[PDB]
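Q: Respectively, the protein sequence lines represent chains A and B.
Per the entry's author numbering, the first sequence starts with residue 1, numbered consecutively.
Per the entry's author numbering, the second sequence starts with residue 2, numbered consecutively.
Have a look at this one.
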Amino acid sequence: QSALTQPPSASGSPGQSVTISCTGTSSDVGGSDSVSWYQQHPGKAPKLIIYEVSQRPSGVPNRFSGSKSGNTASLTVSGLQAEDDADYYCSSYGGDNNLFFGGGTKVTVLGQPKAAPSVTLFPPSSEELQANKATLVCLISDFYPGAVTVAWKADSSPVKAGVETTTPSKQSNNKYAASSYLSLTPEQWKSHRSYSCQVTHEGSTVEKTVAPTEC
Amino acid sequence: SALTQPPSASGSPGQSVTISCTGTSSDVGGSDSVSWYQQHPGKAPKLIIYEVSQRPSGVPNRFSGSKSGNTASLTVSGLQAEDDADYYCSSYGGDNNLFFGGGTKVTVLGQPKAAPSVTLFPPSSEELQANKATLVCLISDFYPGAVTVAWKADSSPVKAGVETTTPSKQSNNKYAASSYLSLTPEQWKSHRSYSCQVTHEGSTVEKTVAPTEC
Ligand SMILES: Cc1cc(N2CC[C@](C)(c3ccccc3)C2)cc(=O)n1CCNC(=O)NC1CN(c2nccn3cncc23)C1
Numbered sequence: 001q002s003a004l005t006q007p008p009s010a011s012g013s014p015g016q017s018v019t020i021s022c023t024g025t026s027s028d029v030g031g032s033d034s035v036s037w038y039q040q041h042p043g044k045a046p047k048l049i050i051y052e053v054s055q056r057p058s059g060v061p062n063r064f065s066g067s068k069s070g071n072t073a074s075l076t077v078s079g080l081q082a083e084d085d086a087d088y089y090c091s092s093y094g095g096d097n098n099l100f101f102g103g104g105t106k107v108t109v110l111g112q113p114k115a116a117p118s119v120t121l122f123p124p125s126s127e128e129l130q131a132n133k134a135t136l137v138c139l140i141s142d143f144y145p146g147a148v149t150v151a152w153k154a155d156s157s158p159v160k161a162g163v164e165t166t167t168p169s170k171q172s173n174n175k176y177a178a179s180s181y182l183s184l185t186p187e188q189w190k191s192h193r194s195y196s197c198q199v200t201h202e203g204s205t206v207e208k209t210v211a212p213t214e215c
Numbered sequence: 002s003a004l005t006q007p008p009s010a011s012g013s014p015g016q017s018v019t020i021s022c023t024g025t026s027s028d029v030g031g032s033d034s035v036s037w038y039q040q041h042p043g044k045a046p047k048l049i050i051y052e053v054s055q056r057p058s059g060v061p062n063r064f065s066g067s068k069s070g071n072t073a074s075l076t077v078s079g080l081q082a083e084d085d086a087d088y089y090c091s092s093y094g095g096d097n098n099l100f101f102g103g104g105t106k107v108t109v110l111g112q113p114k115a116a117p118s119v120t121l122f123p124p125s126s127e128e129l130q131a132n133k134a135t136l137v138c139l140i141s142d143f144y145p146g147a148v149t150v151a152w153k154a155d156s157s158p159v160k161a162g163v164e165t166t167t168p169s170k171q172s173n174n175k176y177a178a179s180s181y182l183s184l185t186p187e188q189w190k191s192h193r194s195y196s197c198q199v200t201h202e203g204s205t206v207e208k209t210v211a212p213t214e215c
């Protein structure tokens, strides 16, 4: 029901600026001046930092600013500071007393060099197929920041069910890793041309594809 | 200033739990604009109540919201494991302000033990073509969320090259993790087999895979 799209992540080093977007439709974002932005440090209560597109509540520094053009609102955070590292969400009203939220953007203040993920996609192992399971696994390692989005395709169609992705965890080399897995039945696996795992990190996407084989 | 919520609340499966949200005459007690949100750790939240008592579409009627004076309450009946989460309240006040409480972590006590499903995968053709032979041991559907992993090369302990991720809770309310062993193709092809041994609650599950015959 929400139409609000936010990029999954953004990053900068201390003292840089970052702008993040919140795209809706004419009936929500573009239909009034009612966009809000909220900051949440993980595991703590969120806070309203912008209301009515551009207004800061008391105590929010003027490094945070909000604007809008058409059906896209934008939050800019100049002068990045360590405390800015957080998840940011938008909202907008959208007709018939409805409030709509974006999916959130994780903003990292870079604490180490950026590292793109190594992505390995594994087809079903012989043992699990003999157990009537065709789970595929997409291994994603050695990445920084530790924010990664994963999507799967059956052929070219988005896969809407049976997907799980672990929360990225910092490994012994101090880069993050995670796994996404898609719990297919053998029929599903053998009857499609292929399945693909798409990993998005720092706004660039990598795709890996596998297909059934006989042995 | 925050609204006041207890930091913790708990209940057993099927039982009920009530949590409160105490504000002031100019926020919670000033109008009917109290909302509640649910949030699983590491996930986006979900609005479960608005305007004190109203459920958005898709919210079960086991969640109920009320207010008396300056204190709003949320009651979750028929507790289920998927209800184990953090719960925040909010209430618009004057001057375009929006106040939030500090969050209550609701724990659903006594969730059942569950042993891991372990699937070991051998190196993919693509990665072998790129001169890599990482193996992955997928570990899912377990509870509670602590496992240890050891790897074997033939029968011998593997002391290097192992990473295991920190278990995270998944949509079925049980944990998952992967352990991955970064072999060279030469290490992979020179052994009879590799094994992934997963220990959970004193019990071990071992899987073994060997270089393919095709
Ligand atoms: C997501 C969400 C956020 C939140 N907050 C965040 C602000 C808040 C005040 C907060 C923050 C922290 C802790 C506590 C509270 C309220 C409430 C909420 O209820 N939620 C779910 C509903 N809304 C969305 O999840 N939108 C999503 C993307 N979105 C879509 N965007 C475009 C097209 N789409 C087609 N299908 C889906 C989408 C998926």
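For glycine and all other residues, C-beta sits at the position ideal for the given N, C-alpha and C.
Only counting the same chain, and skipping five residues up and downstream in sequence, which positions put a Cβ closer than 7 Å to that of A/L129?
A: Position 129 of the first sequence, counted from the start, is the residue given in the question as residue 129 of chain A. Within the same chain, A/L129 has close Cβ partners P186.
Q: Find the nearest neighbour of B/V109 within the set B/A3, B/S194 and B/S78, judged by alpha-carbon distance.
A: Position 108 of the second sequence, counted from the start, is the residue given in the question as residue 109 of chain B. Among B/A3, B/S194 and B/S78, the Cα nearest to that of B/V109 belongs to B/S78.
Q: Are the Cβ atoms of residue 264 of chain A and A/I20 separated by less than 8 Å?
A: Because residue 264 of chain A is not part of the residues shown, which for chain A are 1 to 215, the question remains open.
Q: Using a Cβ cut-off of 8 Å (strictly closer), state whether B/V77 contacts chain A.
A: For the purposes of this step, residue 77 of chain B is taken as the residue at position 76 of the second sequence. Cβ-Cβ to chain A under 8 Å: no for B/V77.
Q: For the beta strand (DSSP E) that A/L184 lies in, which residues bound it at each end?
A: Here residue 184 of chain A refers to the residue found at position 184 when the first sequence is read from its first residue. Segment: none, A/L184 is in no beta strand (DSSP E) and carries neither H nor E.
Q: Can you give the Cα-Cα distance for A/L139 and A/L99, rounded to whole angstroms?
A: For the purposes of this step, residue 139 of chain A is taken as residue 139 along the first sequence, with counting starting at 1. For the purposes of this step, residue 99 of chain A is taken as residue 99 along the first sequence, with counting starting at 1. Taking the straight line joining both Cα atoms gives about 37 Å.
Q: Going by alpha carbons, who is nearest to B/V210 out of B/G162, B/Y176, B/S156 and B/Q55?
A: Working through the second sequence from its first residue, we reach residue 210 of chain B at position 209. Comparing Cα positions, the closest option is B/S156.
Q: For B/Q39, count neighbouring C-beta atoms within 10 Å of its own C-beta (all shown protein chains included) and say buried if the count is 16 or more, exposed if not.
A: Working through the second sequence from its first residue, we reach residue 39 of chain B at position 38. With 16 or more other Cβ atoms within 10 Å, it is buried.
Q: Going by other Cβ atoms of all chains shown within 10 Å of its Cβ, with 16 needed for buried, is A/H41 buried or exposed?
A: On the first sequence, position 41 is the one that residue 41 of chain A refers to. Label assigned to A/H41: exposed.
Q: Within 10 angstroms of the Cβ of B/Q6, are there 16 or more other Cβ atoms? Answer buried if so, exposed if not.
A: Translated into positions along the second sequence, residue 6 of chain B becomes position 5. It is buried - the Cβ of B/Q6 has at least 16 other Cβ atoms within 10 Å.
Q: By Cβ distance, which residues of its chain are closer than 6 Å to A/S13, with the 5 residues on each side in sequence left out?
A: As a position in the first sequence, residue 13 of chain A is number 13, starting the count at 1. Same-chain partners within the cutoff: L110.
Q: Report the neighbours of A/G30 on chain B: residues whose CB is nearer than 9 Å to its CB, in chain order.
A: The residue labelled residue 30 of chain A in the question sits at position 30 within the first sequence. Simply none; closest approach about 21 Å.
Q: Report the residues of the segment 164 to 193 of chain A with a CB closer than 7 Å to any CB of chain B, ordered along the chain.
A: Residues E164, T166, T167, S169, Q171, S172, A177, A178, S179 and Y181.
Q: Going by DSSP, which residues form a beta bridge with B/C138?
A: Within the second sequence, numbered from 1, the residue matching residue 138 of chain B stands at position 137. The partner list for B/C138 (beta bridge, DSSP) reads B/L121 and B/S180.
Q: A/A116 and A/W189 - do their beta-carbons sit closer together than 8 Å?
A: Numbered from its first residue, the first sequence carries residue 189 of chain A at position 189. Numbered from its first residue, the first sequence carries residue 116 of chain A at position 116. No, the Cβ-Cβ distance between A/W189 and A/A116 is not below 8 Å.
Q: Could you check whether the Cβ of B/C22 sits closer than 8 Å to any Cβ belonging to chain A?
A: Translated into positions along the second sequence, residue 22 of chain B becomes position 21. Using a CB distance cut-off of 8 Å, B/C22 does not count as an interface residue toward chain A.
Q: Is B/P46 near ligand 1, judged by its Cβ being under 7 Å from some heavy atom?
A: Along the second sequence, read from residue 1 onward, the residue named residue 46 of chain B stands at position 45. Within the cutoff, so yes.
Q: Considering only the beta carbon of each residue, do B/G94 and B/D33 sit closer than 8 Å?
A: On the second sequence, residue 94 of chain B is found 93 positions in, with the first residue counted as 1. On the second sequence, residue 33 of chain B is found 32 positions in, with the first residue counted as 1. Taking 8 Å as the Cβ cut-off, B/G94 and B/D33 do not qualify as a contacting pair.
Q: Under 8 Å between beta-carbons, which chain A residues line up against B/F64? List them in chain order, please.
A: Within the second sequence, numbered from 1, the residue matching residue 64 of chain B stands at position 63. Correct list: empty, because the minimum Cβ distance to chain A is about 17 Å.
Q: Quick check on A/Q198 - is its C-beta less than 8 Å from some C-beta in chain B?
A: For the purposes of this step, residue 198 of chain A is taken as the residue at position 198 of the first sequence. It does not; no Cβ of chain B falls within 8 Å.
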